[PDB]
Amino acid sequence: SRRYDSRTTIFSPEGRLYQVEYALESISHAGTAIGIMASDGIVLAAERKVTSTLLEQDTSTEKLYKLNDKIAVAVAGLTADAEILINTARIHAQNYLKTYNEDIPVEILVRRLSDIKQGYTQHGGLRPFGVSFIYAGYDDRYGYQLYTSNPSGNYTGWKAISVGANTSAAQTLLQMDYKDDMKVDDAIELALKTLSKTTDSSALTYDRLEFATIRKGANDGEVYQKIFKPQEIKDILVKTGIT
Amino acid sequence: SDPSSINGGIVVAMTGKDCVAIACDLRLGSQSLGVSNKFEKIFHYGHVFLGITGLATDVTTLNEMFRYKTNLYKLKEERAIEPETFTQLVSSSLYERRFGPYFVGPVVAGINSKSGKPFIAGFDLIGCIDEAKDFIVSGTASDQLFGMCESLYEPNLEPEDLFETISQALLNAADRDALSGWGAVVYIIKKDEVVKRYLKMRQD
Amino acid sequence: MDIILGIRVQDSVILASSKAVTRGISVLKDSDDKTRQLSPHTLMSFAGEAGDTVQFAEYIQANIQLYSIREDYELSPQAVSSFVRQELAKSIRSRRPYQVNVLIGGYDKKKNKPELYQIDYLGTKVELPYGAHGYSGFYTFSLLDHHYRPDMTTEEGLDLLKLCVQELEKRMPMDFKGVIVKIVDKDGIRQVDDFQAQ
Amino acid sequence: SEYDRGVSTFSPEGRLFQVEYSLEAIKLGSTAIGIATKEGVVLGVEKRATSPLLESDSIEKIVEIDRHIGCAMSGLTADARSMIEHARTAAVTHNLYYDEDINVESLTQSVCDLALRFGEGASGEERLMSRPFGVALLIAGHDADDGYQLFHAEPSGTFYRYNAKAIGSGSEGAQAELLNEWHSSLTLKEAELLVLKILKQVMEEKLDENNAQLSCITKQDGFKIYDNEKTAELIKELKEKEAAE
Amino acid sequence: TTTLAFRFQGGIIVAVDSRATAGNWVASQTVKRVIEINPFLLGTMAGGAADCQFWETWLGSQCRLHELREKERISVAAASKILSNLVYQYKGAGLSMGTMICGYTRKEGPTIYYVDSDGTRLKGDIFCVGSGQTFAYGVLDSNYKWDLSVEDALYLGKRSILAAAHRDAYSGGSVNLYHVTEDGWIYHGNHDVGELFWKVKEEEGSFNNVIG
Amino acid sequence: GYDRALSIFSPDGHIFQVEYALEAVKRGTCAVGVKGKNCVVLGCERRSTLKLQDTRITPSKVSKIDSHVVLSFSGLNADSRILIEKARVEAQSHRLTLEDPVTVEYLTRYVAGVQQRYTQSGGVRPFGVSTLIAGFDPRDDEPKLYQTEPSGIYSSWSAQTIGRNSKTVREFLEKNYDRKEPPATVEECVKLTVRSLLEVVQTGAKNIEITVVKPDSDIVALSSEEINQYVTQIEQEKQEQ
C-alpha cells in the first residue's frame, strides 16, 4: 500500500510529483479545444462539454476569453480555477501597458501565468491549477504566436495544437492535413474537419461550439480580434458539411 | 506657486442638439518658460471623452489610470462604460486620495449610446461632481471662460455653430491668460462621426 | 544648476552636459560625465540634487539591463522613458523624493527614427525635437527656435549646439567648465571627444 | 521503533533519537583530525573525490573563521556552509564591538547557540528551522587567555575541548590510535606526521597530496592552509620512517 | 579641518591636520583624522567627528566579511560604494561627513573616491575637504605632477596642510602623513605645525611677511 | 519508512526526500560543461522526439545570467525557470550595490543558496534541478565552471555532466580530458564537447546545442550547420582509426 501521492510537497523515490500528474490527468475530462496557426491569422475552436435542454448558451461563454485586445485563450479544466487566473492574467496585462505604455508581448504574458502555476506546485497548503491553456495572439516582436500551458507550469509553442478530450485523435488528424502556410479560411475549415471526427453526439450542432480568430494586414495597420456569434457559426457550419 | 498653475492650460465643454464639443489649448510650460505646444489635455475611452487640467504629471497619470481602468471594465461587462457610469468613477477615484489629492480639474463629456442624450460634467480636485446643461470650464483662465460662456452660449446649437461658439470662447480667454495658448484643438462629438480640428492662434 | 542640452536631428540624437562638479565654494572636478547608457541605443543624461542624481540613474539602468537579458530583446526609447516617468511619478509622493531631471535619447531600430524625451523630477514627460533642463533653456531656446530644421545632418547639429554653448558662456554667471557631447544612432553610442579636444 | 520520528519527542527512557540520528549523519563524512600542541594546533582531512575531474579545492573541508581561528567540518556540506557563515559573522561583529579577538571557546559557544535553534510548533518564543544540523566541527584557534585550544561541536548543542580528536567515517579507529599517541610535549612537525599517519591508516586510498588536506594555526601567523608541495613532501618524509621502524 | 589626498606614480598620499574646535576654543590638537579602515584602505575625516569614525570603522568589518567569502581583496570601488549606500539610506536624518576612501588594488591601480553624506560618490586624482581646503588646493594645484618622487610627494602634502594651518583659524596642530601602496599603507609620522613652520620659512624662504 | 519528509533523519543519517529530488535530475536531458584555457563550452541535447510545433522561440537550455555568465540545467523544466530568473535579478543587484559585476562563484553560491533554502522548512519542496554555471570574472582570464545540486551544494570542475546517461558521457570525458593540459583551442574544446554527446545523442546534430563563452563578456551561441561541421569531421576519423 502506502503511496507517495498524498501531496505536492513530496517526491516519490523516483522523483515524480504524482499530485501534479493527477492534475494533468484532470484535463482529459474537458471539452476538446483547438488552436491552429496560419500565414495570416490564428484560429481558436472549442466544443462545449456540459449540456442540457434548458441551458442558456447564446449569451454567456465558457471556453473562449479575451485577455488583451491582442491576445486570446482557450480554456480546458476546472471552471473556477480558470477564472482566478484569467483575471490576474488580465491585470498583469494592463500593468505592462500602464508602465511601458505599450502592449504586453504574448510570451511574456504566457510565461507570467505559467510561472504562477509553477508556484502552486512547490509550496505546501496549495493545490495546483487544474487548467490547461491555448494562447493565441500577436505582437510586433514575433508576429502571430500559438502557445500552450498545463498545470505543471510548463508552456510551449505549437503551430497547431489541441488539448482536452480525445487529444490523441484530434492531435493525429492535424499532424496529417496541416499545410505549413495554410490560409485562415482553411484552418477554420480544418477546425471542424477535426472537431467533427472526434465528437460523440449523433451530430455536431452549432449551439455546441465556440470560434474566434485573429487577423491583421496592411489595411488596419493593426490586429482585429473576432469571437464568432451563434449566428455566424450555424451558418459557416452549413457552408461546410452540415444540413 | 499653487501646484495647479505651474504648468497652466484650459479646457471647456458645451452641449448642443444631439452633440457635445470639448476643447483645450496646447501649451505646457514651467512657470513663465514655455516648453511645449503639442501637449494635449483631451483623451478618450471608447465613446467617452475626458479633458484634464492642472499639474501635468498628474494629468498624465490620470489618463493612464483611467485607460487602465476602462479596459478592465469593458472586458468584464462586455461593453464600454457610459458617460455617467464613468463620471461616478473618476469622482470616487479622485476622492480615494482626499488627503494628498492629484492637482487637477477634470471634465467629462460624451453621448449616451442607449438614450442618445448629450452629457458634460466637471469636478474639482477632491472629486465633487457637477453636471450642467450648458458648459464646463476649468483651468488657469477659468474666469475668462465663465465670462465668454456666459455670453456666447446658446441652447441647442447645431454642431456647425457649436464649433464656432466654443472655439471663440477658448480662443479669447487664452489670449487674456498668460499661461495658456500656443495652439488649440476642438472636438465635435455626435452619436457617430467625431471631427477633430486644430485652430490657428497667436503664438505669444 | 548643471547644464543639460539635447537635440534630435535627421537620424540621431545629440546630448550636451556640462563637466564641472561643485561643492559649495570649490570645484572638486571639471571632467564629470552626467551620462549613463541604459542600453546599446538608449542614452540618458541627468542633473539635479547632489546625492539623488546618480543613485537614481544607476537604479534605472539596472532595471532596463535586467529586462533586456531576460527578454533578450531591447526595450524601446518610448517604453524606456515611459518606465522612468512612472518611477519619478511615484517618487514625488513618497517620504522623500529624488530631485532629478533627465533627458533620454535613443534610436528606435524598429522605426529607424531617433527620439528624444525630456522629463523633470515631478514626472512631467514630453517628446521634443530639442530640450534642456533648468535655467539652461532661456539662453538657448531662442537660437534653436531660429535655426533648427528636422532635415539637419548630425554634422550640422553639432555646429548648432556649438553656438548655444558659446552663448551659455557669454551670458551665464556660472562657469560650467565646458561640456561633453555624445551621439546616439543606428550604430549605437559614441563620444565626440573633439568638442573637448578643440 | 515508534519514538524516533519527532525532534521534540522523548522516548520512554528520556532520549531524543532524531538528535542521535543527526550525529549518525556525520559518520558518513570523511575523516577530519585535530591535534593540539604547545607549539600550535593542526587540522587534517581526507578529501575523498568521486572523480578525477573534480577540482579538489572545490571541497572546502577546512576553512578560516578569522586570522586566529580555523576549522574542519564533517557531515552535511550545505549545513556546514551555514555554520561557517554564522561563525565568521560572530567573530567580526565581536571585533567591531570590542576592538579585540573573540575567545576561541566564546566563538565555539555562539556556534552551538545556533544549532540550539531547532524545533517547530510554537510554545512561546520562536526559532525557525525544523531539525538538527547534520554536521560537527573541529575548531582550532588561539587566544591570549588559554592559548592553543581545540574544540568539538556537535548538533546536540554541547561541546568539549580536546587535546586531539577525530570525526567522520574513521573516527572509530582514528580515535583509538590518537588515544595511544598524543602527549603534551609534541612538536608541531611531530603532530603533522601523526595526523598524516593516522589518516593514511584508517583512510583507504593511497595517501596522495590530493585526497588529503592539511592545515594549522599559530600565534605567529594565524590560520594557514598548507599548500600541496609541502604536504606532498611531508607525506614522503612520513612514509619513509616506516621502512626501518 | 584640512584633509587631502592624491594619486601619482608612487600611489596615494594622504595628509591631515589635527585640530578640533568648539566655537572659538581649541578643545583638542590631537585628532586622528585618518581612520585606518584596514591594512589596505584609509578613510579621511571631515564633516562629523563621530559619523566618520563610526561608519568607517563599520565599513572595515564589512570588507572583512567580504574577503573571507570571496577569498580575495575587496576593491576600492566596491568599498566606497558600500559606504555611500549606507550613507544614502540616512539621507535626511542629519548625518554629516566628507571623506576620501583611498586604496590601491592590483586591478584598479591607486584609487581615490570622495564620498559624503549627501550621497555623492566621486572618483578623482586630487581632493581637499575642509575649512582650509581652499588654501591646500593652492600649493597643490600649482605643484602637482603625476611623476612626483615619493619623497617629494610627501613633502608636497605636508607643505599643503601647512599653508592651511597658517591661514585658516580652524586648522592647525600637527600634520599626519600616510603613503598608500599596492601592499598597504605606511605611516609617515606626526609633525607639529608649530615647529614645521619655522623650519620651512627658514629652509624655503617662503613666508616672508612673518617676522621671526 | 523514513523517506516521507525533509525534516526527518533516517536511522543512518540520511534525508531521502532531498535524495529523491536528485532522482529527477536524471530524468531530464543531458548537459555537459567543458572548459579550456581561454574559454568554456556548454553543450546539451534537444528533446527532439514529438514535434509538429513551432521552432522560432524554442528554449536552448542555455541562458545568460549577465553579460559574462551563462547557465545550463537538467531536470524539472518549470522548476528551472525560477532559479534562472532569481539569479538574473541578483546579478543586477550586485552591480547596483558594489559597482563591480558578479563573480562566477558568487553567482553559483547565490543559486545553490536558493536551492538549499528550499530544503529548510517543511511545506516547501526542493527544486528538481541541477545546474552548470560557466563564465569569466570581471577583468579576469581564468575560465571557470561550477555545478549545483538540488540539495544546496556547489562545486567546480574541469569538465562535468548531469542528466540521464551522464554516467556514460562522464566515463568518456574522464579518459579523454587531460587535467595537465586542457583543450587549448575553442575549436578543439568544442570538438571534445561534441564527440562526448555523440554517445547519447542518437545520431544527428539536430539534437545538439552548443554555446561558447570567452573573456570580456564575449558569449555566443552556435548554429545548426557549424555544429554539423564537427559531427562531420568527427564521423570521419571515427571509421578512419
# chains A, B, ... in the order shown; residues from 1 in each chain; ligands from 1

$ select_by_dssp --residues "region 45-126 of chain F" --states "strand (DSSP E or B)" --output "ChimeraX atom specification"
/F:45,53,62-66,69-75,124

$ write_last_selection --atoms "C-alpha atoms" --output "mmCIF file, in the first residue's frame"
data_model
loop_
_atom_site.group_PDB
_atom_site.id
_atom_site.type_symbol
_atom_site.label_atom_id
_atom_site.label_comp_id
_atom_site.auth_asym_id
_atom_site.auth_seq_id
_atom_site.Cartn_x
_atom_site.Cartn_y
_atom_site.Cartn_z
ATOM 1 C CA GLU F 45 20.676 17.793 -26.235
ATOM 2 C CA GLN F 53 5.255 22.556 -33.054
ATOM 3 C CA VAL F 62 21.471 27.585 -22.012
ATOM 4 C CA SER F 63 20.659 31.017 -20.586
ATOM 5 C CA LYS F 64 22.689 34.177 -19.952
ATOM 6 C CA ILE F 65 22.692 35.494 -16.402
ATOM 7 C CA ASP F 66 24.865 38.527 -17.031
ATOM 8 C CA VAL F 69 27.917 34.332 -17.367
ATOM 9 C CA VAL F 70 25.727 31.603 -18.744
ATOM 10 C CA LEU F 71 23.931 28.786 -17.028
ATOM 11 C CA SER F 72 22.580 25.421 -18.167
ATOM 12 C CA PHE F 73 20.489 22.807 -16.374
ATOM 13 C CA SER F 74 18.740 19.452 -16.296
ATOM 14 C CA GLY F 75 15.593 18.303 -14.558
ATOM 15 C CA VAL F 124 8.321 23.553 0.675
#

$ residues_around --residues "residue 164 (chain E)" --least-positions-apart "5" --cutoff "9 Å" --atoms "only C-alpha atoms" --output "list in words"
residues 1, 2, 131, 132, 133, 134, 135, 136, 159, 169, 171 and 172 of chain E

$ closest_atom_pairs --of "chain C" --to "chain B" --cutoff "8 Å" --atoms "only C-alpha atoms" --output "JSON lines"
{"residue": "C:89", "atom": "CA", "partner": "B:57", "partner_atom": "CA", "distance": 7.0}
{"residue": "C:122", "atom": "CA", "partner": "B:57", "partner_atom": "CA", "distance": 6.3}
{"residue": "C:123", "atom": "CA", "partner": "B:57", "partner_atom": "CA", "distance": 5.0}
{"residue": "C:124", "atom": "CA", "partner": "B:57", "partner_atom": "CA", "distance": 4.6}
{"residue": "C:125", "atom": "CA", "partner": "B:57", "partner_atom": "CA", "distance": 7.4}
{"residue": "C:126", "atom": "CA", "partner": "B:39", "partner_atom": "CA", "distance": 7.7}
{"residue": "C:128", "atom": "CA", "partner": "B:36", "partner_atom": "CA", "distance": 7.8}
{"residue": "C:138", "atom": "CA", "partner": "B:33", "partner_atom": "CA", "distance": 7.7}

$ interface_residues --of "chain A" --to "chain F" --cutoff "10 Å" --atoms "only C-alpha atoms" --output "NGL selection string"
:A and (2-4 or 8-17 or 37 or 107 or 111 or 114-115 or 117-119 or 121-126 or 142 or 145-147 or 152-161 or 171 or 174-176 or 178)

$ atom_distance --atom1 "CA of residue 71 (chain B)" --atom2 "CA of residue 115 (chain C)"
28.3 Å

$ decode --residues "region 31-81 of chain D" --atoms "N, CA and C atoms" --output "CSV table (one decimal), in the first residue's frame"
chain,number,residue,atom,x,y,z
D,31,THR,N,37.0,11.5,7.2
D,31,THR,CA,37.7,11.9,8.4
D,31,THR,C,38.4,13.3,8.5
D,32,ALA,N,38.3,13.9,9.7
D,32,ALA,CA,38.9,15.2,10.0
D,32,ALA,C,39.7,14.9,11.3
D,33,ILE,N,40.9,15.5,11.3
D,33,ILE,CA,41.7,15.3,12.5
D,33,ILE,C,42.4,16.5,13.1
D,34,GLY,N,42.3,16.7,14.4
D,34,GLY,CA,42.9,17.8,15.1
D,34,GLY,C,43.7,17.4,16.3
D,35,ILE,N,44.9,18.0,16.3
D,35,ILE,CA,45.9,17.7,17.4
D,35,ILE,C,46.4,19.0,17.8
D,36,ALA,N,46.4,19.2,19.1
D,36,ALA,CA,46.9,20.4,19.8
D,36,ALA,C,48.2,20.2,20.4
D,37,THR,N,49.1,21.2,20.2
D,37,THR,CA,50.5,21.1,20.7
D,37,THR,C,50.8,22.5,21.3
D,38,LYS,N,51.7,22.6,22.3
D,38,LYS,CA,52.1,23.8,22.9
D,38,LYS,C,52.8,24.7,21.9
D,39,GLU,N,52.9,24.2,20.6
D,39,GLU,CA,53.6,24.9,19.6
D,39,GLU,C,52.5,25.5,18.6
D,40,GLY,N,51.4,24.9,18.6
D,40,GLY,CA,50.3,25.3,17.7
D,40,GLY,C,49.3,24.2,17.6
D,41,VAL,N,48.2,24.4,16.7
D,41,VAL,CA,47.2,23.3,16.5
D,41,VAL,C,47.2,22.9,15.1
D,42,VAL,N,47.0,21.6,14.8
D,42,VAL,CA,46.9,21.1,13.4
D,42,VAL,C,45.6,20.5,13.1
D,43,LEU,N,45.2,20.7,11.8
D,43,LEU,CA,43.9,20.1,11.3
D,43,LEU,C,44.2,19.4,9.9
D,44,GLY,N,43.8,18.2,9.8
D,44,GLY,CA,44.0,17.5,8.6
D,44,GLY,C,42.7,16.7,8.2
D,45,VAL,N,42.5,16.5,6.9
D,45,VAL,CA,41.3,15.8,6.5
D,45,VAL,C,41.5,15.0,5.2
D,46,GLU,N,40.7,14.0,5.1
D,46,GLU,CA,40.7,13.1,3.9
D,46,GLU,C,39.8,13.8,3.0
D,47,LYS,N,40.2,14.0,1.7
D,47,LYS,CA,39.3,14.7,0.8
D,47,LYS,C,38.3,13.7,0.2
D,48,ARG,N,38.7,12.7,-0.4
D,48,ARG,CA,37.8,11.6,-1.0
D,48,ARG,C,36.9,12.2,-2.1
D,49,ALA,N,37.4,12.2,-3.3
D,49,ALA,CA,36.7,12.7,-4.5
D,49,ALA,C,36.1,11.6,-5.4
D,50,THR,N,34.9,11.7,-5.9
D,50,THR,CA,34.3,10.7,-6.8
D,50,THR,C,35.0,10.6,-8.1
D,51,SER,N,35.5,11.7,-8.6
D,51,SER,CA,36.1,11.7,-9.9
D,51,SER,C,37.4,12.6,-10.0
D,52,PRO,N,38.2,12.3,-11.0
D,52,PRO,CA,39.4,13.0,-11.3
D,52,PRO,C,39.2,14.3,-12.0
D,53,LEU,N,37.9,14.6,-12.3
D,53,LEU,CA,37.6,15.9,-13.0
D,53,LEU,C,37.1,16.9,-12.0
D,54,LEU,N,37.0,16.6,-10.7
D,54,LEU,CA,36.6,17.5,-9.6
D,54,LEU,C,37.9,18.3,-9.4
D,55,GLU,N,37.7,19.5,-8.8
D,55,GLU,CA,38.8,20.4,-8.6
D,55,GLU,C,39.4,20.5,-7.2
D,56,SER,N,39.3,19.4,-6.5
D,56,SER,CA,39.9,19.4,-5.1
D,56,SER,C,39.5,20.6,-4.2
D,57,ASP,N,40.2,21.7,-4.5
D,57,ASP,CA,40.0,23.0,-3.7
D,57,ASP,C,38.5,23.3,-3.7
D,58,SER,N,37.7,22.6,-4.5
D,58,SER,CA,36.3,22.8,-4.6
D,58,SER,C,35.7,22.3,-3.3
D,59,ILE,N,36.3,21.3,-2.7
D,59,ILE,CA,35.9,20.7,-1.5
D,59,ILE,C,36.5,21.4,-0.3
D,60,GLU,N,35.8,22.4,0.3
D,60,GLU,CA,36.3,23.2,1.4
D,60,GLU,C,35.9,22.4,2.7
D,61,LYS,N,36.8,21.6,3.1
D,61,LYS,CA,36.6,20.8,4.3
D,61,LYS,C,37.3,21.5,5.5
D,62,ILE,N,38.2,22.4,5.2
D,62,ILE,CA,39.0,23.1,6.2
D,62,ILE,C,38.8,24.6,5.8
D,63,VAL,N,38.4,25.5,6.7
D,63,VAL,CA,38.2,26.9,6.4
D,63,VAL,C,38.6,27.8,7.5
D,64,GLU,N,38.8,29.1,7.2
D,64,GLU,CA,39.2,30.1,8.1
D,64,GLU,C,37.9,30.8,8.7
D,65,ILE,N,37.9,31.1,10.0
D,65,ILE,CA,36.8,31.8,10.6
D,65,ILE,C,37.4,33.2,10.8
D,66,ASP,N,38.6,33.3,11.2
D,66,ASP,CA,39.3,34.6,11.4
D,66,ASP,C,40.8,34.4,11.4
D,67,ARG,N,41.6,35.4,11.5
D,67,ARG,CA,43.0,35.2,11.4
D,67,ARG,C,43.6,34.3,12.5
D,68,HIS,N,42.8,34.2,13.6
D,68,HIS,CA,43.3,33.4,14.7
D,68,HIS,C,42.4,32.1,15.0
D,69,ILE,N,41.5,31.8,14.1
D,69,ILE,CA,40.6,30.6,14.3
D,69,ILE,C,40.3,30.0,13.0
D,70,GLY,N,40.5,28.7,12.9
D,70,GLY,CA,40.2,28.0,11.7
D,70,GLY,C,39.4,26.8,12.1
D,71,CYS,N,39.0,25.9,11.1
D,71,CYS,CA,38.2,24.7,11.5
D,71,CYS,C,38.0,23.7,10.3
D,72,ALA,N,37.6,22.5,10.7
D,72,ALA,CA,37.4,21.5,9.7
D,72,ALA,C,36.0,20.8,10.1
D,73,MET,N,35.2,20.6,9.1
D,73,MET,CA,33.9,20.1,9.4
D,73,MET,C,33.8,18.7,8.8
D,74,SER,N,32.6,18.0,9.2
D,74,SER,CA,32.3,16.7,8.7
D,74,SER,C,30.8,16.5,8.8
D,75,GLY,N,30.2,16.0,7.8
D,75,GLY,CA,28.8,15.7,7.7
D,75,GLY,C,28.2,16.4,6.5
D,76,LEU,N,26.9,16.9,6.6
D,76,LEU,CA,26.3,17.6,5.5
D,76,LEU,C,26.9,18.9,5.1
D,77,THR,N,27.4,19.0,3.9
D,77,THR,CA,28.0,20.2,3.5
D,77,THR,C,27.2,21.5,3.4
D,78,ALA,N,26.0,21.4,2.9
D,78,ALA,CA,25.1,22.6,2.9
D,78,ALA,C,25.0,23.1,4.3
D,79,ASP,N,24.7,22.2,5.2
D,79,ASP,CA,24.5,22.5,6.6
D,79,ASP,C,25.8,23.2,7.2
D,80,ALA,N,26.9,22.8,6.7
D,80,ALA,CA,28.2,23.4,7.2
D,80,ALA,C,28.3,24.8,6.7
D,81,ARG,N,28.2,25.1,5.4
D,81,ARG,CA,28.3,26.4,4.9
D,81,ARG,C,27.5,27.4,5.7
